[PDB]
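Engineer: Got a structure here, written out as structure tokens. Questions coming.
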Amino acid sequence: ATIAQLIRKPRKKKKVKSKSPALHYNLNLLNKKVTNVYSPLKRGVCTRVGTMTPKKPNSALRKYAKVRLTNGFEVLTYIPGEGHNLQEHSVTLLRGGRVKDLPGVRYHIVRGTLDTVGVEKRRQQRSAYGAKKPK
Amino acid sequence: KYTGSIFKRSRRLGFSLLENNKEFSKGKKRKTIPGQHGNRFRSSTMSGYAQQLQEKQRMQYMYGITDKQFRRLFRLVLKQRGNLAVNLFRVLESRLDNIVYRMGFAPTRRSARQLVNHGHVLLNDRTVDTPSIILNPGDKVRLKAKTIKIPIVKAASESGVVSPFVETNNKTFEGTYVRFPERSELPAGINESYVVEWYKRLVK
Amino acid sequence: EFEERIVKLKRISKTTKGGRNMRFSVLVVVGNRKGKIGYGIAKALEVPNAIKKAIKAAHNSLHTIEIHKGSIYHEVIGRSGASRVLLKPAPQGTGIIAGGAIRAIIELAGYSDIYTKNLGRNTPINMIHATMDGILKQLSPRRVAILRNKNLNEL
Amino acid sequence: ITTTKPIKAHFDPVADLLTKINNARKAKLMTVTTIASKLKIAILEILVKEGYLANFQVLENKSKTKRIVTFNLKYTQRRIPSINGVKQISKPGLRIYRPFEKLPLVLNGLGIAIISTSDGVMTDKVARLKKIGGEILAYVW
RNA sequence: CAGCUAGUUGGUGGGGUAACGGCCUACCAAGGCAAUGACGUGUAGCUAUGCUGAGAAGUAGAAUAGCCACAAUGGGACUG
RNA sequence: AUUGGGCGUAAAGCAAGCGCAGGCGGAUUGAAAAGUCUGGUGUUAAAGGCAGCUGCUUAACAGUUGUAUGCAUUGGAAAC
RNA sequence: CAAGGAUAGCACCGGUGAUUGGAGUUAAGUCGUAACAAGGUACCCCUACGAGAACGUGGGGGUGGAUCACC
RNA sequence: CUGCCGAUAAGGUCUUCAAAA
Ligand SMILES: [Mg+2]
Ligand SMILES: [Mg+2]
Ligand SMILES: [Mg+2]
Ligand SMILES: [Mg+2]
Ligand SMILES: [Mg+2]
Ligand SMILES: [Mg+2]
Ligand SMILES: [Mg+2]
Ligand SMILES: [Mg+2]
Ligand SMILES: [Mg+2]
Ligand SMILES: [Mg+2]
Ligand SMILES: [Mg+2]
Ligand SMILES: [Mg+2]
Ligand SMILES: [Mg+2]
Ligand SMILES: [Mg+2]
Ligand SMILES: [Mg+2]
Ligand SMILES: [Mg+2]
Ligand SMILES: [Mg+2]
Ligand SMILES: [Mg+2]
Ligand SMILES: [Mg+2]
Ligand SMILES: [Mg+2]
Ligand SMILES: [Mg+2]
Ligand SMILES: [Mg+2]
Ligand SMILES: [Mg+2]
Ligand SMILES: [Mg+2]
């Protein structure tokens, strides 16, 4: 605009928001305060398994899950794989992501880590799904 | 740490290790890209990225280098004075294992690496244990001794076929070298200068 | 040896009473790598005929380019529509640091060392247009001598 | 020398002249007039020594209260000017003060930069020679 | 987040502090700061520097190094 | 988007005016020297940054010498 | 002199809450057909009232309106 | 010369390519 105008009211930068907000909240429990500390991936416990329908082009039945994380945020997380051992009550170790078919899902469950089983009958891209090398 | 199928990568690009031993072979005289999908159309018009990466592999497969080593050497040579297009060619050709094969004391380049790794070589006044030392023209890289009697010295002692940039001085095995290699001794297998700009994008 | 390199192959189409008339358009840059370069854009039902006509048009319009020590003498901004391309002198050794349409024009002209930046749009026609306007407005240090009544550029 | 028209000028003395030269170049006009100030006279004197304009004459009234400079541009035989583009540095508001180390070189010395350090307006080359810098009025190339 | 500040502003004599000082005291006054952002809220140890950027600068204040602050929480003092 | 963007039809000219503080501002002369420019001195801890070299089989790394930035003071320049 | 304790009323901030308001997102739900052509009553802006709903009408304002036309 | 005149389930192809003769 003009030098005089910018000296009075400087240039305020637009902000930046994350894509996986629920993974950066830590509850201390001893004081019951939530701080914003970034963490790559977080552990949670599922509450409700089921199916959802993709947006428009896609047509299928995708398995979602309502997992409550160590914090106090409830997020619907897609189970990336063919077949699950979730039994409404289980523990899962969520990661980042964003499935485009289901609106609202922005997290993925890391497969084959804790209570959740690996994805057997897979020889391609195993390192991501978690299957022991056939050897 | 290297590939065990040098024929496959040499046959695709088209250029061998400069004697065509891996291209002539004893069978089928194959000059097609390997795999079932070798005899197809859509041959030319590789994008600049495509041809640069294929060519970049050619340079770093001719000498047995890992790309990370390449980034290190490029970062070293890049900053100095100016258009250093005469230095990095000498630097890339200054590898100790490269000079020993060009010394004429090994049947193949990577076989020379094994002899280097096994300690059968001495530098000017010290020994060699790592096949990555950067040499400078003037060092009497005298050959070892306990290796002149091994059942493989025959082709090794036939160094009469040698490039002019190395004054091997056989028998006495003085093993010196000078007169840095011109582009003539670096044949058209890899002769280009826009790989520097490719690494300029990838390496600061 | 006027080499030629396709810089873009778009797929334009009009609509008729049922169906879509589809014709390919090519943007070829022809250059002798000594100071002569032209551009030609042509449309045809098939790629071969389009390429022939585009090269013919490009060869019909060849401009003259001056090089100083292999690089560009002075910084210049080429403007064409909403595309603005910045050209900068470079020391002998950097190489062509250009990319895309700008890189093709500079290589085909003869220039070696060159700093470039597309400050505007990413439409190939405007990038080539901007590069050529910037290169054509360049002033030699002898034309200004006739103008300034100096001593052949001498301080 | 007589005129018939009123002579006006802008309050900013560098860009006033800059508009006159650029408009005259753009409109193919040759002779223009404006009111005279010592800075504008000085920038025009170094300008005519470097050869961008042909003549530059400042005039005064018969009462000694007003002075107006009427300058003409140096066109070649084919009627294309010698000036190509003008751009001002020490804009109003933001005064440009540069030491010697950041003294600009316009088009690798092809153009001239006007710098009034301590002895009136002064060219970039002689500023480098004296190794002293200061106010930079405008870029002319 | 538009008023805030009553030892807050100043003088006097005295006391106290390694030292100057409303640091403290008795008296005399009503000032001081504030739209060029006081005050309030939220946040945070600061810096040399680390990563990034052609540059202007953006970003974190790893390690280590300077300064400050703290030693379960909140106060007081001895020795020196 | 200071360097480095825009506001007719794409986001963006307040419905218009009187207007204090702020920003900008005709020509000439004199002085001062606050900006501006320059010389000398002090300082800007060390490590890190960049250059050269040495030492580890070369490197990574370590050491080594060089390498600015700003502030204050003093002496001049007088074009804005 | 004074940490702390008890009593007392203001100030700021957070969580939760029966019930309720709208909002977004959703392959193939129901009632109309308001807008894009003169969209079949030209459209749009402000405003007041009214109606299942899009919206209708009154007042002012615009062409970012079609047709029309002139030798 | 101005009656009346409302609606139309979802997702979808089709350009393979100029290296050249
Ligand atoms: Mg029809
Ligand atoms: Mg007092
Ligand atoms: Mg940048
Ligand atoms: Mg630290
Ligand atoms: Mg720490
Ligand atoms: Mg914009
Ligand atoms: Mg608008
Ligand atoms: Mg208006
Ligand atoms: Mg308006
Ligand atoms: Mg007025
Ligand atoms: Mg005023
Ligand atoms: Mg004035
Ligand atoms: Mg230091
Ligand atoms: Mg070190
Ligand atoms: Mg219906
Ligand atoms: Mg309708
Ligand atoms: Mg109707
Ligand atoms: Mg209607
Ligand atoms: Mg009803
Ligand atoms: Mg009604
Ligand atoms: Mg109405
Ligand atoms: Mg109306
Ligand atoms: Mg009106
Ligand atoms: Mg009817």
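Note: ideal-geometry Cβ built from the backbone for every residue, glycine included; neighbour counts use all protein chains shown. Any read-out appearing in this document is the output of simple, stated calculations on the displayed coordinates, not a laboratory observation.
Engineer: Compute for the range B:1-158: radius of gyration divided by Kirkwood radius, i.e. Rg/Rh, restricted to C-alpha atoms, rounded to two decimals.
Structural biologist: 1.01
Engineer: Listed here are the pairs B:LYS26/B:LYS146; D:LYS40/D:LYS66; A:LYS63/A:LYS121; which of them are more than 24 Å apart at the Cα?
Structural biologist: B:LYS26/B:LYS146
Engineer: Now for a separate question. Of the cross-linked pairs D:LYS8/D:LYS49; A:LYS33/A:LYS66; D:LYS5/D:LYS28; B:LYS8/B:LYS28, which ones have a Cα-Cα span greater than 18 Å in the structure shown?
Structural biologist: D:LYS8/D:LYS49; A:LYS33/A:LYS66; D:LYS5/D:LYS28
Engineer: Shifting gears a bit: Given charges of +1 on the Cβ of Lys and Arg and -1 on the Cβ of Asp and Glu, with all other atoms neutral, how large is the dipole of the range B:92-183 about its Cα centre, in debye to the nearest 20?
Structural biologist: Roughly 280 debye, rounded to the nearest 20.
Engineer: For every helix of n ≥ 4 consecutive DSSP H residues, a contribution of -39,500 (n - 2.57) applies; sum these over chain C, divide by its total residues, and give [θ] at 222 nm rounded to the nearest 500 deg cm²/dmol.
Structural biologist: Details: 4 runs with 42 residues, N = 155.
So the calculated ellipticity at 222 nm is -8000 deg cm²/dmol.
Engineer: Could you work out how far the C-alpha centroid of the range B:92-113 sits from that of the range B:1-69, in angstrom?
Structural biologist: Comparing the Cα centres of the range B:92-113 and the range B:1-69, I get a distance of 20 Å.
Engineer: A further question follows. Write down, largest first, the equivalent ellipsoid semi-axes of the protein assembly as shown in whole Å, where each equals the square root of 5 times an eigenvalue of the alpha-carbon gyration tensor.
Structural biologist: In descending order, the three semi-axes are 60, 44, 30 Å.
Engineer: According to the Cα gyration tensor, what semi-axes, each the square root of 5 times an eigenvalue, does the equivalent ellipsoid of chain A have, listed from largest to smallest in whole Å?
Structural biologist: Semi-axes (√(5λ), whole Å): 36, 20, 16.
Engineer: What is the distance, in nm, between label points placed 7 Å from the Cα along the Cα-to-Cβ direction at A:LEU114 and at B:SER5?
Structural biologist: Spacing of the two 7 Å Cα→Cβ label points: 4.2 nm.
Engineer: Under a 10 Å cutoff between Cα atoms, tell me which one of A:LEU76, A:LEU30, A:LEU94 has the largest fluctuation in the Gaussian network model of chain A.
Structural biologist: A:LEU30
Engineer: When the Kirkwood hydrodynamic radius is evaluated over all pairs of different C-alpha atoms of chain C, what value in angstrom, to one decimal, is obtained? Walk me through the intermediate numbers first.
Structural biologist: Numbers: mean 1/r = 0.0594 Å⁻¹.
Roughly 16.8 Å, rounded to one decimal.
Engineer: Would you calculate a helix-derived [θ] at 222 nm for chain D, using -39,500 (n - 2.57) for each DSSP H run of n ≥ 4 and dividing by the full residue count, to the nearest 500?
Structural biologist: Numbers: 3 runs with 35 residues, N = 141.
Helix-only estimate at 222 nm: -7500 deg cm²/dmol.
Engineer: When a footprinting reagent is the concern and you count Cβ atoms within 10 Å, what order do B:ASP97, D:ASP16 take, fewest first?
Structural biologist: The most exposed by this proxy come first: D:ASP16, B:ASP97.
Engineer: Nothing charged except the Cβ atoms of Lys and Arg (+1) and of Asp and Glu (-1): what's the magnitude of the dipole of chain C about its Cα centre? Round to the nearest 20 debye.
Structural biologist: Here the size comes out at about 740 debye.
Engineer: For q values of 0.11 Å⁻¹, compute log₁₀ I(q)/I(0) with the Debye formula on a Cα-only model of the range B:92-183, without solvent.
Structural biologist: The computed values of log10 I(q)/I(0) come out as -0.25.
Engineer: In straight Cα distance, which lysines are under 26 Å from B:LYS144, not counting same-chain residues fewer than 8 positions off?
Structural biologist: Excluding near neighbours in sequence, the set is B:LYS1, B:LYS154, B:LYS171.
Engineer: Here is a follow-up. Test of understanding: ordering B:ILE134, B:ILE190 by Cβ neighbours within 10 Å, fewest first, what list do you get? Before the final figure, lay out the partial values.
Structural biologist: Numbers: B:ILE134 11, B:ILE190 19.
Fewest to most other Cβ atoms nearby, the residues stand as B:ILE134, B:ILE190.
Engineer: How big is the gap, in Å, between the Cα center of the range D:30-87 and the Cα center of the range C:1-65?
Structural biologist: Each part reduced to its Cα centre gives a spacing of 49 Å.
Engineer: Report the percentage of all Cα-Cα pairs in the range A:58-101 whose separation exceeds 12 Å, rounded to a whole percent.
Structural biologist: Working: 629 of 946 pairs.
So the pairs more than 12 Å apart make up 66 percent of the total in the range A:58-101.
Engineer: Which pairs in the list C:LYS150/D:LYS130; C:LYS8/C:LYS117; D:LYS26/D:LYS131; C:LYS88/D:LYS91 are over 29 Å apart, alpha-carbon to alpha-carbon?
Structural biologist: Too far apart for the 29 Å limit: D:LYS26/D:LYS131.
Engineer: Quick check: the angle from helix D:38-50's long axis to the longest principal axis of chain D, C-alpha only, nearest 10 degrees?
Structural biologist: Its long axis makes an angle of about 80 degrees.
Engineer: Follow-up. Quick one: A:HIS108, B:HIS37, D:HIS10, A:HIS89, fewest Cβ neighbours within 10 Å first, how do they rank?
Structural biologist: On the way: A:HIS108 20, B:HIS37 7, D:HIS10 14, A:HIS89 10.
Ranked by crowding around the Cβ, least crowded first: B:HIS37, A:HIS89, D:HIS10, A:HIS108.
Engineer: Could you work out how far apart the two model spin labels at A:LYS12 and B:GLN114 are, taking each label as a point 7 Å from the Cα in the direction of the beta carbon, and quote it in nm?
Structural biologist: Going by the 7 Å Cα→Cβ label model, 7.2 nm.
Engineer: Now, a different point. At B:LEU13 and C:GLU1, where each label point lies 7 Å from the Cα along Cα→Cβ, what is the point-to-point distance in nanometres?
Structural biologist: 2.4
Engineer: What translational diffusion coefficient, in µm²/s and rounded to a whole number, does the Stokes-Einstein relation yield for the range D:24-141 at 37 °C and a viscosity of 0.692 mPa s, taking the hydrodynamic radius as the Kirkwood radius over Cα pairs?
Structural biologist: Details: Rh = 15.4 Å.
Stokes-Einstein gives a translational diffusion coefficient of 213 µm²/s.
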